[PDB]
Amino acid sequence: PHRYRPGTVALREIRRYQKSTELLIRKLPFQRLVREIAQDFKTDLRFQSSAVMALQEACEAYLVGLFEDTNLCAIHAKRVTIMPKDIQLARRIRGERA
């Protein structure tokens, strides 16, 4: 049977999701997460759907940027696979929690 080589479908997906703009995290789970965190901060809070959407936009944008910088960190260590070490480095240089 047919089979693509490891890495090809990956690049394919990179191009695909770099062409589009839709949110990549599922909506309802994200809403659950937000409501959980918020509830832990303050009880009986209600959200405008707009607020949830804004939160998701900001979140995924942030994660994509962080993934870019992380990828640069992986490439810097003569690697191709990104690692927790890479993310921690990117976070430190950014100054998020150095």
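Counting begins at 1, following the sequence as shown.
Worksheet item: Where do the C-alpha atoms have the higher mean temperature factor in this entry, in 4 to 12 or in 87 to 95?
Response: Higher mean C-alpha B-factor in the PDB entry: 4 to 12.
Practice prompt. Would you tell me which stretch averages the higher CA B-factor in the PDB entry, 55 to 63 or 68 to 76?
Written response: That would be 68 to 76.
Worksheet entry | Record-listed C-alpha B factor of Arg46: chain third | Tercile = highest for this residue's CA B-factor.
Worksheet item: For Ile25, does the deposited CA B-factor place it in the lowest, middle or highest third of the chain?
Response: Lowest third, going by the recorded CA B-factors of the chain.
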